[PDB]
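Engineer: Here you go, this is entry.cif (mmCIF, N, CA and C atoms and all ligand atoms).
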data_data
#
loop_
_atom_site.label_atom_id
_atom_site.label_comp_id
_atom_site.auth_asym_id
_atom_site.auth_seq_id
_atom_site.Cartn_x
_atom_site.Cartn_y
_atom_site.Cartn_z
N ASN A 2 0.82 -1.21 0.00
CA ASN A 2 0.00 0.00 0.00
C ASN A 2 0.86 1.27 0.00
N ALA A 3 1.91 1.25 -0.82
CA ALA A 3 2.76 2.41 -1.04
C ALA A 3 3.47 2.96 0.20
N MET A 4 3.76 4.25 0.16
CA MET A 4 4.57 4.90 1.19
C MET A 4 3.84 6.09 1.80
N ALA A 5 2.64 5.85 2.30
CA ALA A 5 1.82 6.90 2.89
C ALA A 5 2.30 7.24 4.30
N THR A 6 1.98 8.45 4.75
CA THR A 6 2.27 8.88 6.11
C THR A 6 1.06 8.62 7.00
N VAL A 7 1.31 8.36 8.28
CA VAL A 7 0.23 8.16 9.24
C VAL A 7 -0.50 9.49 9.47
N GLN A 8 0.16 10.59 9.13
CA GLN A 8 -0.43 11.92 9.27
C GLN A 8 -1.60 12.12 8.32
N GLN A 9 -1.61 11.37 7.22
CA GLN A 9 -2.69 11.44 6.25
C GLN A 9 -3.98 10.87 6.83
N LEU A 10 -3.85 10.08 7.89
CA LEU A 10 -5.00 9.47 8.54
C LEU A 10 -5.52 10.33 9.69
N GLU A 11 -4.69 11.24 10.17
CA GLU A 11 -5.04 12.07 11.32
C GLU A 11 -6.26 12.95 11.06
N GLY A 12 -6.99 13.24 12.13
CA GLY A 12 -8.12 14.14 12.04
C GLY A 12 -9.46 13.53 12.39
N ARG A 13 -10.51 14.22 11.98
CA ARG A 13 -11.87 13.86 12.34
C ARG A 13 -12.60 13.29 11.12
N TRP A 14 -13.12 12.08 11.25
CA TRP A 14 -13.79 11.41 10.14
C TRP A 14 -15.24 11.09 10.50
N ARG A 15 -16.07 10.90 9.48
CA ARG A 15 -17.49 10.62 9.70
C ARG A 15 -17.97 9.49 8.79
N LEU A 16 -18.64 8.51 9.39
CA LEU A 16 -19.12 7.35 8.66
C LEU A 16 -20.10 7.73 7.56
N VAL A 17 -19.88 7.20 6.36
CA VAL A 17 -20.76 7.48 5.23
C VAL A 17 -21.19 6.20 4.52
N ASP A 18 -20.56 5.08 4.87
CA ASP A 18 -20.90 3.79 4.28
C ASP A 18 -20.43 2.62 5.13
N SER A 19 -21.27 1.59 5.21
CA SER A 19 -20.95 0.39 5.98
C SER A 19 -21.56 -0.85 5.34
N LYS A 20 -20.75 -1.90 5.22
CA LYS A 20 -21.22 -3.16 4.64
C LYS A 20 -20.63 -4.35 5.38
N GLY A 21 -21.49 -5.17 5.98
CA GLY A 21 -21.06 -6.37 6.66
C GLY A 21 -20.71 -6.15 8.12
N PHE A 22 -21.13 -5.02 8.68
CA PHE A 22 -20.80 -4.69 10.06
C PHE A 22 -21.57 -5.56 11.05
N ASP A 23 -22.82 -5.86 10.73
CA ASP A 23 -23.64 -6.71 11.59
C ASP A 23 -23.08 -8.13 11.65
N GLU A 24 -22.61 -8.62 10.50
CA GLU A 24 -22.02 -9.95 10.41
C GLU A 24 -20.73 -10.01 11.21
N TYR A 25 -19.96 -8.93 11.17
CA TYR A 25 -18.71 -8.85 11.90
C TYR A 25 -18.94 -8.82 13.41
N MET A 26 -19.92 -8.02 13.84
CA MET A 26 -20.27 -7.93 15.25
C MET A 26 -20.74 -9.28 15.80
N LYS A 27 -21.47 -10.02 14.98
CA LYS A 27 -21.92 -11.37 15.33
C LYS A 27 -20.73 -12.26 15.65
N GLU A 28 -19.71 -12.20 14.80
CA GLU A 28 -18.53 -13.04 14.95
C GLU A 28 -17.76 -12.68 16.22
N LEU A 29 -17.83 -11.41 16.62
CA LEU A 29 -17.22 -10.97 17.86
C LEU A 29 -17.97 -11.55 19.06
N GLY A 30 -19.25 -11.83 18.85
CA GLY A 30 -20.09 -12.37 19.91
C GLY A 30 -20.98 -11.31 20.53
N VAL A 31 -21.29 -10.27 19.76
CA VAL A 31 -22.11 -9.17 20.25
C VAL A 31 -23.61 -9.51 20.20
N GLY A 32 -24.33 -9.20 21.27
CA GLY A 32 -25.76 -9.43 21.32
C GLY A 32 -26.59 -8.57 20.39
N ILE A 33 -27.70 -9.12 19.91
CA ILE A 33 -28.59 -8.41 19.01
C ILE A 33 -28.95 -6.98 19.50
N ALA A 34 -29.33 -6.89 20.77
CA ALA A 34 -29.75 -5.65 21.40
C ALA A 34 -28.63 -4.64 21.25
N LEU A 35 -27.40 -5.14 21.36
CA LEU A 35 -26.22 -4.30 21.21
C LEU A 35 -25.86 -4.06 19.74
N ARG A 36 -25.99 -5.09 18.91
CA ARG A 36 -25.72 -4.97 17.48
C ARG A 36 -26.64 -3.94 16.83
N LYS A 37 -27.89 -3.92 17.28
CA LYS A 37 -28.87 -2.97 16.75
C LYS A 37 -28.43 -1.54 17.00
N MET A 38 -27.96 -1.26 18.21
CA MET A 38 -27.46 0.07 18.56
C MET A 38 -26.17 0.38 17.82
N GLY A 39 -25.31 -0.62 17.68
CA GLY A 39 -24.03 -0.45 17.01
C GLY A 39 -24.19 -0.09 15.54
N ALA A 40 -24.99 -0.87 14.82
CA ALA A 40 -25.18 -0.66 13.39
C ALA A 40 -26.03 0.58 13.10
N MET A 41 -26.85 0.98 14.07
CA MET A 41 -27.74 2.12 13.90
C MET A 41 -26.98 3.44 13.98
N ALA A 42 -25.87 3.43 14.71
CA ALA A 42 -25.11 4.65 14.97
C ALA A 42 -24.34 5.15 13.75
N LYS A 43 -24.24 6.48 13.64
CA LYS A 43 -23.37 7.10 12.65
C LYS A 43 -22.22 7.77 13.40
N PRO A 44 -21.19 6.99 13.74
CA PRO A 44 -20.13 7.49 14.62
C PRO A 44 -19.09 8.34 13.90
N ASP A 45 -18.40 9.18 14.66
CA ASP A 45 -17.23 9.87 14.17
C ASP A 45 -15.99 9.10 14.60
N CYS A 46 -14.89 9.31 13.88
CA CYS A 46 -13.62 8.71 14.26
C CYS A 46 -12.54 9.78 14.28
N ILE A 47 -11.95 10.00 15.45
CA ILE A 47 -10.87 10.97 15.58
C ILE A 47 -9.53 10.26 15.79
N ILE A 48 -8.67 10.36 14.79
CA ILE A 48 -7.36 9.72 14.84
C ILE A 48 -6.27 10.75 15.04
N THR A 49 -5.45 10.55 16.07
CA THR A 49 -4.30 11.40 16.31
C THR A 49 -3.07 10.53 16.53
N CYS A 50 -2.01 10.79 15.77
CA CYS A 50 -0.77 10.05 15.94
C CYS A 50 0.44 10.97 16.02
N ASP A 51 0.99 11.10 17.22
CA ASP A 51 2.19 11.91 17.45
C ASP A 51 3.41 11.00 17.44
N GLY A 52 4.11 10.96 16.31
CA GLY A 52 5.22 10.04 16.13
C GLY A 52 4.73 8.61 16.16
N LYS A 53 4.87 7.96 17.31
CA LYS A 53 4.39 6.59 17.48
C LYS A 53 3.26 6.49 18.50
N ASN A 54 2.94 7.61 19.14
CA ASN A 54 1.81 7.64 20.07
C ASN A 54 0.49 7.77 19.33
N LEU A 55 -0.29 6.69 19.34
CA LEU A 55 -1.55 6.64 18.60
C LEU A 55 -2.75 6.75 19.54
N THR A 56 -3.71 7.58 19.15
CA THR A 56 -4.99 7.65 19.86
C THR A 56 -6.13 7.61 18.85
N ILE A 57 -7.10 6.74 19.09
CA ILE A 57 -8.28 6.68 18.25
C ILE A 57 -9.54 6.82 19.09
N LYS A 58 -10.34 7.83 18.77
CA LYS A 58 -11.60 8.07 19.46
C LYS A 58 -12.75 7.61 18.58
N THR A 59 -13.63 6.78 19.12
CA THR A 59 -14.82 6.34 18.40
C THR A 59 -16.05 6.95 19.05
N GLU A 60 -16.66 7.92 18.37
CA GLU A 60 -17.64 8.78 19.02
C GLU A 60 -19.01 8.79 18.35
N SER A 61 -20.03 8.51 19.15
CA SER A 61 -21.42 8.70 18.74
C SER A 61 -22.10 9.56 19.80
N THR A 62 -23.31 10.03 19.51
CA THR A 62 -24.02 10.91 20.43
C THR A 62 -24.42 10.20 21.72
N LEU A 63 -24.49 8.87 21.67
CA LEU A 63 -24.91 8.09 22.83
C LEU A 63 -23.73 7.48 23.58
N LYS A 64 -22.74 6.99 22.83
CA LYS A 64 -21.59 6.32 23.45
C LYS A 64 -20.28 6.72 22.79
N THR A 65 -19.24 6.88 23.61
CA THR A 65 -17.91 7.23 23.12
C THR A 65 -16.84 6.38 23.80
N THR A 66 -16.01 5.73 23.00
CA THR A 66 -14.86 5.00 23.52
C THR A 66 -13.58 5.47 22.83
N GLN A 67 -12.45 5.20 23.47
CA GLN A 67 -11.16 5.54 22.89
C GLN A 67 -10.06 4.64 23.43
N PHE A 68 -8.99 4.50 22.67
CA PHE A 68 -7.79 3.86 23.17
C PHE A 68 -6.55 4.66 22.79
N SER A 69 -5.54 4.62 23.65
CA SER A 69 -4.26 5.26 23.35
C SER A 69 -3.15 4.24 23.54
N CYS A 70 -2.13 4.31 22.70
CA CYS A 70 -1.05 3.34 22.75
C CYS A 70 0.20 3.82 22.03
N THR A 71 1.27 3.05 22.17
CA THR A 71 2.49 3.27 21.42
C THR A 71 2.55 2.21 20.32
N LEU A 72 2.80 2.65 19.09
CA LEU A 72 2.90 1.73 17.97
C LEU A 72 4.00 0.69 18.21
N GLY A 73 3.62 -0.58 18.18
CA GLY A 73 4.57 -1.67 18.35
C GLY A 73 4.56 -2.29 19.73
N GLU A 74 3.85 -1.66 20.66
CA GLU A 74 3.81 -2.14 22.04
C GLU A 74 2.42 -2.62 22.44
N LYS A 75 2.34 -3.87 22.89
CA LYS A 75 1.07 -4.45 23.32
C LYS A 75 0.49 -3.74 24.54
N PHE A 76 -0.83 -3.66 24.59
CA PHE A 76 -1.53 -3.01 25.70
C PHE A 76 -2.90 -3.65 25.86
N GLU A 77 -3.50 -3.49 27.03
CA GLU A 77 -4.84 -4.03 27.26
C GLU A 77 -5.90 -3.02 26.84
N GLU A 78 -6.66 -3.37 25.80
CA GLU A 78 -7.68 -2.49 25.28
C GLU A 78 -9.08 -2.89 25.74
N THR A 79 -9.87 -1.90 26.14
CA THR A 79 -11.28 -2.13 26.43
C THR A 79 -12.11 -1.67 25.24
N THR A 80 -12.60 -2.63 24.46
CA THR A 80 -13.37 -2.32 23.26
C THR A 80 -14.74 -1.76 23.61
N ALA A 81 -15.45 -1.29 22.59
CA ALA A 81 -16.77 -0.70 22.78
C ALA A 81 -17.79 -1.74 23.24
N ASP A 82 -17.63 -2.97 22.77
CA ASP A 82 -18.58 -4.04 23.09
C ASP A 82 -18.27 -4.72 24.42
N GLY A 83 -17.21 -4.28 25.09
CA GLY A 83 -16.91 -4.75 26.43
C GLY A 83 -15.82 -5.80 26.53
N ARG A 84 -15.18 -6.10 25.40
CA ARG A 84 -14.07 -7.05 25.39
C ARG A 84 -12.81 -6.45 26.01
N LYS A 85 -12.08 -7.28 26.75
CA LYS A 85 -10.75 -6.94 27.22
C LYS A 85 -9.76 -7.72 26.37
N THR A 86 -9.03 -7.02 25.51
CA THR A 86 -8.15 -7.68 24.56
C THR A 86 -6.70 -7.24 24.72
N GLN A 87 -5.79 -8.09 24.26
CA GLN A 87 -4.40 -7.70 24.14
C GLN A 87 -4.19 -7.20 22.72
N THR A 88 -3.94 -5.90 22.59
CA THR A 88 -3.91 -5.25 21.29
C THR A 88 -2.53 -4.66 20.99
N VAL A 89 -2.10 -4.78 19.75
CA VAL A 89 -0.93 -4.05 19.27
C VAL A 89 -1.30 -3.31 18.00
N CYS A 90 -0.87 -2.06 17.90
CA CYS A 90 -1.11 -1.27 16.70
C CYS A 90 0.20 -0.99 16.00
N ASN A 91 0.21 -1.17 14.68
CA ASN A 91 1.38 -0.88 13.87
C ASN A 91 0.99 -0.13 12.61
N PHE A 92 1.83 0.79 12.18
CA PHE A 92 1.66 1.40 10.87
C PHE A 92 2.56 0.68 9.88
N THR A 93 2.01 -0.32 9.22
CA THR A 93 2.78 -1.20 8.35
C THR A 93 2.38 -1.06 6.89
N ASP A 94 3.37 -0.79 6.04
CA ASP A 94 3.18 -0.71 4.60
C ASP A 94 2.11 0.30 4.20
N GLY A 95 2.06 1.43 4.90
CA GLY A 95 1.14 2.50 4.57
C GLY A 95 -0.27 2.29 5.08
N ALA A 96 -0.43 1.40 6.05
CA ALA A 96 -1.74 1.14 6.62
C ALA A 96 -1.66 0.96 8.14
N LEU A 97 -2.66 1.49 8.84
CA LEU A 97 -2.73 1.35 10.29
C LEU A 97 -3.38 0.02 10.63
N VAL A 98 -2.62 -0.87 11.25
CA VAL A 98 -3.10 -2.22 11.55
C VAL A 98 -3.30 -2.43 13.05
N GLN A 99 -4.55 -2.68 13.43
CA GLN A 99 -4.89 -2.92 14.83
C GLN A 99 -5.24 -4.38 15.05
N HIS A 100 -4.32 -5.12 15.68
CA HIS A 100 -4.51 -6.54 15.91
C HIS A 100 -4.98 -6.81 17.34
N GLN A 101 -6.08 -7.54 17.47
CA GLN A 101 -6.64 -7.86 18.78
C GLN A 101 -6.61 -9.36 19.07
N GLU A 102 -6.30 -9.70 20.31
CA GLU A 102 -6.33 -11.09 20.76
C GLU A 102 -6.98 -11.18 22.14
N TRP A 103 -7.87 -12.15 22.30
CA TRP A 103 -8.57 -12.35 23.57
C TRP A 103 -9.22 -13.73 23.60
N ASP A 104 -9.06 -14.43 24.72
CA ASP A 104 -9.70 -15.73 24.94
C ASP A 104 -9.45 -16.71 23.80
N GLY A 105 -8.24 -16.68 23.24
CA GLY A 105 -7.87 -17.56 22.15
C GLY A 105 -8.41 -17.11 20.80
N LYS A 106 -9.09 -15.97 20.79
CA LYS A 106 -9.68 -15.45 19.56
C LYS A 106 -8.83 -14.34 18.95
N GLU A 107 -9.19 -13.94 17.73
CA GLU A 107 -8.37 -13.01 16.96
C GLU A 107 -9.21 -12.10 16.08
N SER A 108 -8.77 -10.86 15.93
CA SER A 108 -9.43 -9.92 15.02
C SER A 108 -8.47 -8.81 14.60
N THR A 109 -8.56 -8.40 13.34
CA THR A 109 -7.70 -7.34 12.83
C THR A 109 -8.50 -6.24 12.15
N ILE A 110 -8.27 -5.01 12.58
CA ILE A 110 -8.88 -3.84 11.95
C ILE A 110 -7.80 -3.06 11.20
N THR A 111 -7.99 -2.90 9.90
CA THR A 111 -7.01 -2.19 9.08
C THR A 111 -7.59 -0.89 8.54
N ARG A 112 -6.90 0.21 8.83
CA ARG A 112 -7.33 1.53 8.38
C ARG A 112 -6.35 2.11 7.38
N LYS A 113 -6.85 2.46 6.20
CA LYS A 113 -6.00 3.04 5.16
C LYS A 113 -6.68 4.22 4.48
N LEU A 114 -5.88 5.07 3.85
CA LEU A 114 -6.39 6.18 3.07
C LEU A 114 -6.54 5.73 1.62
N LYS A 115 -7.69 6.01 1.02
CA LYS A 115 -7.93 5.63 -0.36
C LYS A 115 -8.94 6.58 -1.00
N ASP A 116 -8.49 7.29 -2.04
CA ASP A 116 -9.30 8.28 -2.74
C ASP A 116 -9.81 9.37 -1.80
N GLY A 117 -8.98 9.73 -0.82
CA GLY A 117 -9.30 10.79 0.11
C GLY A 117 -10.18 10.36 1.27
N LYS A 118 -10.66 9.12 1.22
CA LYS A 118 -11.56 8.61 2.25
C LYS A 118 -10.90 7.58 3.16
N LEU A 119 -11.31 7.58 4.42
CA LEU A 119 -10.81 6.60 5.38
C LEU A 119 -11.51 5.27 5.19
N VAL A 120 -10.76 4.26 4.77
CA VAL A 120 -11.32 2.93 4.55
C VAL A 120 -10.99 2.02 5.73
N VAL A 121 -12.02 1.66 6.49
CA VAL A 121 -11.84 0.79 7.65
C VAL A 121 -12.30 -0.63 7.35
N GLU A 122 -11.43 -1.60 7.61
CA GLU A 122 -11.68 -2.99 7.23
C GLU A 122 -11.48 -3.92 8.42
N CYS A 123 -12.59 -4.47 8.93
CA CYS A 123 -12.56 -5.33 10.11
C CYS A 123 -12.67 -6.79 9.70
N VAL A 124 -11.79 -7.63 10.24
CA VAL A 124 -11.75 -9.04 9.87
C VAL A 124 -11.68 -9.96 11.09
N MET A 125 -12.63 -10.89 11.17
CA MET A 125 -12.55 -11.98 12.13
C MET A 125 -12.95 -13.29 11.45
N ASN A 126 -12.03 -14.24 11.44
CA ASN A 126 -12.22 -15.52 10.76
C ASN A 126 -12.55 -15.34 9.28
N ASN A 127 -13.73 -15.79 8.87
CA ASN A 127 -14.16 -15.69 7.48
C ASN A 127 -14.94 -14.41 7.20
N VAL A 128 -15.22 -13.65 8.24
CA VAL A 128 -16.06 -12.45 8.11
C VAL A 128 -15.23 -11.19 7.86
N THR A 129 -15.63 -10.43 6.85
CA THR A 129 -14.98 -9.16 6.54
C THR A 129 -16.00 -8.02 6.53
N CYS A 130 -15.67 -6.94 7.23
CA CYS A 130 -16.51 -5.75 7.25
C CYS A 130 -15.75 -4.57 6.67
N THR A 131 -16.43 -3.78 5.84
CA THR A 131 -15.81 -2.60 5.25
C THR A 131 -16.62 -1.35 5.53
N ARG A 132 -16.02 -0.41 6.24
CA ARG A 132 -16.68 0.84 6.58
C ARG A 132 -15.90 2.04 6.05
N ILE A 133 -16.61 2.96 5.42
CA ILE A 133 -15.98 4.12 4.80
C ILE A 133 -16.29 5.40 5.56
N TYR A 134 -15.23 6.14 5.91
CA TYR A 134 -15.38 7.44 6.55
C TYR A 134 -14.87 8.51 5.60
N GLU A 135 -15.39 9.72 5.73
CA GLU A 135 -14.86 10.85 4.97
C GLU A 135 -14.51 12.00 5.90
N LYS A 136 -13.59 12.85 5.46
CA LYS A 136 -13.05 13.90 6.31
C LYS A 136 -14.09 14.95 6.67
N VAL A 137 -14.17 15.28 7.95
CA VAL A 137 -15.03 16.36 8.41
C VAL A 137 -14.24 17.66 8.39
N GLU A 138 -14.38 18.40 7.29
CA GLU A 138 -13.64 19.65 7.13
C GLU A 138 -14.49 20.86 7.51
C1 LIG B 1 -26.06 3.30 21.98
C2 LIG B 1 -24.92 3.09 21.04
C3 LIG B 1 -24.07 1.98 21.54
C4 LIG B 1 -23.19 1.52 20.42
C5 LIG B 1 -22.00 0.78 20.93
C6 LIG B 1 -22.35 -0.66 21.16
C7 LIG B 1 -21.85 -1.65 20.36
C8 LIG B 1 -20.62 -1.46 19.54
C9 LIG B 1 -20.49 -2.60 18.59
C10 LIG B 1 -19.32 -3.31 18.50
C11 LIG B 1 -18.01 -2.61 18.35
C12 LIG B 1 -17.16 -3.36 17.38
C13 LIG B 1 -15.80 -2.74 17.33
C14 LIG B 1 -15.41 -2.48 15.92
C15 LIG B 1 -15.50 -1.01 15.64
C16 LIG B 1 -14.80 -0.69 14.36
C17 LIG B 1 -15.71 0.12 13.51
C18 LIG B 1 -15.00 1.34 13.01
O1 LIG B 1 -13.92 1.70 13.55
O2 LIG B 1 -15.48 2.00 12.06
#
Translate the structure of the given file into structure tokens.
Structural biologist:
Amino acid sequence: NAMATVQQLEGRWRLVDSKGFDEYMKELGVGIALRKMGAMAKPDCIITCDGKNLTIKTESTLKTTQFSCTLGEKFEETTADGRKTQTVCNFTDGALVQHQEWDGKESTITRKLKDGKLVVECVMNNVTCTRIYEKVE
């Protein structure tokens, strides 16, 4: 994915498209009552990366979560759905890669810039979710 800077990902983004998010949440083990609220939301995403210090805010009018970390160093993340995972974030090959592990399970969220839009790609097992954000200018 070329030689992009992580700075190109920085800033405030807004969801404009989502496909397969409900299927992905299912694979995580999220309850219907929760999946309904999750898929219904039009969240913002605020990404800030100072050198290797990464912070991602996931914000909706009802619920807001965030994580902060150092690229390359594992940390305990509390996800929005309530999972406690061992997560490492890396900016590899021009893409922000968030790898999660918990209870013997695995999931990877990959964020890249493409055609000016933030392309978020969530993967667990055979399930792939693709969510598109655009810059809030
Ligand atoms: C009342 C609203 C409550 C909504 C929150 C509840 C459920 C959240 C659902 C599961 C979170 C899955 C984490 C993956 C997020 C990546 C999506 C993205 O980065 O684009």
Engineer: Please extract the residues at most 6.5 Å from ligand LIG 1 (chain B), counting all atoms listed in the file, and provide them as a PyMOL selection string, using the chain letters and residue numbers of this document.
Structural biologist: chain A and resi 26+35-36+38-40+42+63-64+80-82+121+132
Engineer: What lies within 8 Å of segment 49-55 of chain A using all atoms listed in the file, ignoring chain neighbours under 3 positions off, as a list in words?
Structural biologist: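 My list of contacting residues is residues 7, 8, 10, 11, 12, 13, 46, 58, 68, 69, 70, 71, 72 and 73 of chain A.
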Engineer: Please, could you write that set of residues out with N, CA and C atoms as an mmCIF file, in the coordinates of the input?
Structural biologist:
data_model
loop_
_atom_site.group_PDB
_atom_site.id
_atom_site.type_symbol
_atom_site.label_atom_id
_atom_site.label_comp_id
_atom_site.auth_asym_id
_atom_site.auth_seq_id
_atom_site.Cartn_x
_atom_site.Cartn_y
_atom_site.Cartn_z
ATOM 1 N N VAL A 7 1.310 8.360 8.280
ATOM 2 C CA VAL A 7 0.230 8.160 9.240
ATOM 3 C C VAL A 7 -0.500 9.490 9.470
ATOM 4 N N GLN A 8 0.160 10.590 9.130
ATOM 5 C CA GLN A 8 -0.430 11.920 9.270
ATOM 6 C C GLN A 8 -1.600 12.120 8.320
ATOM 7 N N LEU A 10 -3.850 10.080 7.890
ATOM 8 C CA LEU A 10 -5.000 9.470 8.540
ATOM 9 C C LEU A 10 -5.520 10.330 9.690
ATOM 10 N N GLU A 11 -4.690 11.240 10.170
ATOM 11 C CA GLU A 11 -5.040 12.070 11.320
ATOM 12 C C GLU A 11 -6.260 12.950 11.060
ATOM 13 N N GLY A 12 -6.990 13.240 12.130
ATOM 14 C CA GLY A 12 -8.120 14.140 12.040
ATOM 15 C C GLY A 12 -9.460 13.530 12.390
ATOM 16 N N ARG A 13 -10.510 14.220 11.980
ATOM 17 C CA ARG A 13 -11.870 13.860 12.340
ATOM 18 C C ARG A 13 -12.600 13.290 11.120
ATOM 19 N N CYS A 46 -14.890 9.310 13.880
ATOM 20 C CA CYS A 46 -13.620 8.710 14.260
ATOM 21 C C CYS A 46 -12.540 9.780 14.280
ATOM 22 N N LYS A 58 -10.340 7.830 18.770
ATOM 23 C CA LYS A 58 -11.600 8.070 19.460
ATOM 24 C C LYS A 58 -12.750 7.610 18.580
ATOM 25 N N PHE A 68 -8.990 4.500 22.670
ATOM 26 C CA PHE A 68 -7.790 3.860 23.170
ATOM 27 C C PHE A 68 -6.550 4.660 22.790
ATOM 28 N N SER A 69 -5.540 4.620 23.650
ATOM 29 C CA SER A 69 -4.260 5.260 23.350
ATOM 30 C C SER A 69 -3.150 4.240 23.540
ATOM 31 N N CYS A 70 -2.130 4.310 22.700
ATOM 32 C CA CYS A 70 -1.050 3.340 22.750
ATOM 33 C C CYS A 70 0.200 3.820 22.030
ATOM 34 N N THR A 71 1.270 3.050 22.170
ATOM 35 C CA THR A 71 2.490 3.270 21.420
ATOM 36 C C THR A 71 2.550 2.210 20.320
ATOM 37 N N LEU A 72 2.800 2.650 19.090
ATOM 38 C CA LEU A 72 2.900 1.730 17.970
ATOM 39 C C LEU A 72 4.000 0.690 18.210
ATOM 40 N N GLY A 73 3.620 -0.580 18.180
ATOM 41 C CA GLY A 73 4.570 -1.670 18.350
ATOM 42 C C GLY A 73 4.560 -2.290 19.730
#
Engineer: When you look at residue 91 of chain A with a cut-off of 6.5 Å (counting only N, CA and C atoms), what residues show up, excluding the ones that are within fewer than 3 positions of it in the same chain? I need them as an mmCIF file with N, CA and C atoms, keeping the file's coordinate frame.
Structural biologist:
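Full text of out.cif as output:
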data_model
loop_
_atom_site.group_PDB
_atom_site.id
_atom_site.type_symbol
_atom_site.label_atom_id
_atom_site.label_comp_id
_atom_site.auth_asym_id
_atom_site.auth_seq_id
_atom_site.Cartn_x
_atom_site.Cartn_y
_atom_site.Cartn_z
ATOM 1 N N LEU A 72 2.800 2.650 19.090
ATOM 2 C CA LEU A 72 2.900 1.730 17.970
ATOM 3 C C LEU A 72 4.000 0.690 18.210
ATOM 4 N N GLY A 73 3.620 -0.580 18.180
ATOM 5 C CA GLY A 73 4.570 -1.670 18.350
ATOM 6 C C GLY A 73 4.560 -2.290 19.730
ATOM 7 N N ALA A 96 -0.430 1.400 6.050
ATOM 8 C CA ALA A 96 -1.740 1.140 6.620
ATOM 9 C C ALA A 96 -1.660 0.960 8.140
ATOM 10 N N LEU A 97 -2.660 1.490 8.840
ATOM 11 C CA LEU A 97 -2.730 1.350 10.290
ATOM 12 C C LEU A 97 -3.380 0.020 10.630
ATOM 13 N N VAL A 98 -2.620 -0.870 11.250
ATOM 14 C CA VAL A 98 -3.100 -2.220 11.550
ATOM 15 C C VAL A 98 -3.300 -2.430 13.050
ATOM 16 N N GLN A 99 -4.550 -2.680 13.430
ATOM 17 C CA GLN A 99 -4.890 -2.920 14.830
ATOM 18 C C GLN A 99 -5.240 -4.380 15.050
ATOM 19 N N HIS A 100 -4.320 -5.120 15.680
ATOM 20 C CA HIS A 100 -4.510 -6.540 15.910
ATOM 21 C C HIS A 100 -4.980 -6.810 17.340
#
Engineer: For residue 43 of chain A, which residue among A:4, A:128, A:137, A:17 is the nearest when counting only C-alpha atoms?
Structural biologist: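 Closest to residue 43 of chain A, using only C-alpha atoms: A:17.
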Engineer: Could you pull out the strand (DSSP E) residues of segment 38-77 of chain A, going by DSSP on the backbone, and write them as an NGL selection string?
Structural biologist: :A and (45-51 or 54-60 or 65-71 or 76-77)
Engineer: Return as AutoDock Vina command-line options the box centre and box size in Å, one decimal, for an axis-aligned box around all listed atoms of segment 15-24 of chain A padded by 8 Å per side.
Structural biologist:
--center_x -19.9 --center_y 0.4 --center_z 8.0 --size_x 23.6 --size_y 36.9 --size_z 23.4
Engineer: I need the residue nearest residue 5 of chain A from this list: A:87, A:66, A:59, A:93. Use only C-alpha atoms for the distance.
Structural biologist: A:93
Engineer: Hey, can you check how far atom CA of residue 120 of chain A sits from atom C of residue 2 of chain A?
Structural biologist: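 Taking atom CA of residue 120 of chain A and atom C of residue 2 of chain A, their separation equals 13.1 Å.
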Engineer: Please identify all polymer residues within 12 Å of residue 122 of chain A, counting only C-alpha atoms, omitting same-chain residues fewer than 6 positions from it, and present them as a PyMOL selection string.
Structural biologist: chain A and resi 18-22+25+96-100+108-114+128-134
Engineer: What gap, in Å, lies between atom CA of residue 89 of chain A and atom CA of residue 138 of chain A?
Structural biologist: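 Separating atom CA of residue 89 of chain A from atom CA of residue 138 of chain A is a distance of 29.5 Å.
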Engineer: As a compact mmCIF listing (two decimals), in the coordinates of the input, please: segment 43-50 of chain A completed to N, CA, C and O atoms.
Structural biologist:
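Produced file rebuild_22.txt, reproduced below:
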# COMPACT_ATOMS: atom_id res chain seq x y z
N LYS A 43 -24.24 6.48 13.64
CA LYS A 43 -23.37 7.10 12.65
C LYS A 43 -22.22 7.77 13.40
O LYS A 43 -22.27 8.97 13.67
N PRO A 44 -21.19 6.99 13.74
CA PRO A 44 -20.13 7.49 14.62
C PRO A 44 -19.09 8.34 13.90
O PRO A 44 -18.93 8.23 12.68
N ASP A 45 -18.40 9.18 14.66
CA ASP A 45 -17.23 9.87 14.17
C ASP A 45 -15.99 9.10 14.60
O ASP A 45 -16.03 8.33 15.56
N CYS A 46 -14.89 9.31 13.88
CA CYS A 46 -13.62 8.71 14.26
C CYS A 46 -12.54 9.78 14.28
O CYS A 46 -12.26 10.41 13.26
N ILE A 47 -11.95 10.00 15.45
CA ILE A 47 -10.87 10.97 15.58
C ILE A 47 -9.53 10.26 15.79
O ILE A 47 -9.30 9.64 16.82
N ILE A 48 -8.67 10.36 14.79
CA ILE A 48 -7.36 9.72 14.84
C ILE A 48 -6.27 10.75 15.04
O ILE A 48 -6.17 11.73 14.30
N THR A 49 -5.45 10.55 16.07
CA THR A 49 -4.30 11.40 16.31
C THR A 49 -3.07 10.53 16.53
O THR A 49 -3.08 9.63 17.37
N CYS A 50 -2.01 10.79 15.77
CA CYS A 50 -0.77 10.05 15.94
C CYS A 50 0.44 10.97 16.02
O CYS A 50 0.86 11.55 15.01
